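**Q** In PDB author numbering, the protein residues as written are 1 to 220. Heads up, the beta-carbon is just placed ideally off N, CA and C, and yes, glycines get one too. First the structure, then my questions, so here it is.
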């Protein structure tokens, strides 16, 4: 049934490998890029953050609307921020960030269900990315090399280390089962991290822009 494909390479019933064209990349390259990015992407709504926040916003909002969606946002970075260089295939990274952000936005407070992102939900979105990056770069090292899976091993080591990150999974084993959904025996970065980033977001989602963090001072 047809004959004109000649011959080519072959493989077995599995191929957890990739080919970028004799490129190559590891913590080294991932470290320098994430270093410039991390520096660009805010993480504490500081003076430099507030400004940038408005800058990048006016960017995607070059159409004049104030109500952006996902598709428009995706291409925005995918074409401007160009996060591909560092992370291989990140159209999904922003996808999950845009979705959750919007939803998680109302839940806490209440502004009505919609589908677009506002200056507020936008701030939460960026946070998702920034965090998701810290993890990947923080796991690849405490984990294996050409791998992206997690196991009870890095779990007990990351459980504590994670606590420092900013979140507090408290109960571990119980969570390992929750985040899990394939029923195999392990969890992938994007999954384990999702639980982290999100949490760190619901806890640090506190609208600062003011002065009311630590206590005022000593009493007696």
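Count the other CB atoms, across all protein chains shown, that sit within 10 Å of the CB of residue 136; report buried if there are 16 or more and exposed otherwise.
**A** buried
**Q** Residues in its own chain within less than 6 angstroms of residue 70 by CB, not counting five upstream and five downstream?
**A** 98
**Q** If you scan the region 3 to 44 from start to end, which runs of the beta strand (DSSP E) of 3 or more residues do you find wholly inside it?
**A** The region 3 to 44 contains no complete beta strand (DSSP E) run of 3 or more residues.
**Q** Using the beta-carbon count (16 or more within 10 Å), is residue 219 buried or exposed?
**A** Its Cβ having fewer than 16 others within 10 Å, residue 219 is exposed.
**Q** Within 10 Å of its beta-carbon, does residue 3 have 16 or more other beta-carbons around it, so buried, or fewer, so exposed?
**A** exposed
**Q** My parser needs the alpha helix (DSSP H) runs of 4 or more residues fully inside the region 118 to 191; what are they?
**A** With a minimum length of 4 residues, the continuous alpha helix (DSSP H) runs that stay inside the region 118 to 191 are 119 to 142, 152 to 165 and 173 to 179.
**Q** Between the region 29 to 43 and the region 161 to 174, are three or more C-beta pairs nearer than 8 angstroms?
**A** no
**Q** Look at residue 175 and residue 128 and say whether their C-beta atoms are less than 7 angstroms apart.
**A** no
**Q** Take every Cβ of the region 176 to 190, pair it with every Cβ of the region 144 to 153, and state whether three or more of those distances are shorter than 8 angstroms.
**A** yes
**Q** Could you tell me if residue 80 is buried or exposed, where buried requires 16 or more neighbouring beta carbons within 10 angstroms of its beta carbon?
**A** Note on residue 80: under 16 other CB atoms within 10 angstroms of its CB, so exposed under the neighbour-count rule.
**Q** Just verifying my parser: in three-state terms, what is the DSSP assignment at residue 221?
**A** The first residue shown for the chain is 1 and the last is 220, placing residue 221 beyond what the model contains.
**Q** What does the Cβ neighbour count give for residue 105, buried or exposed, with the cut at 16 atoms within 10 Å?
**A** buried
**Q** Report the CB separation of residue 57 from residue 133 in whole angstroms; it is logged as a contact under 8 angstroms.
**A** About 20 angstroms separates the two Cβ atoms, so there is no contact after all.
**Q** Which class does residue 48 belong to by DSSP, given the choice of helix, strand or coil?
**A** helix
**Q** Please state if the CB of residue 83 and the CB of residue 74 are separated by a distance shorter than 7 angstroms.
**A** Going by C-beta atoms, residue 74 is not nearer than 7 angstroms to residue 83.
**Q** Taking 7 angstroms as the threshold (beta carbon to beta carbon), is residue 33 in contact with chain D?
**A** Among the protein chains of the structure shown there is no chain D, as only one such chain exists.
**Q** Going by the CB atoms, is the gap between residue 116 and residue 45 shorter than 7 angstroms?
**A** Their beta carbons are not under 7 angstroms apart, which means residue 45 does not touch residue 116 by this criterion.
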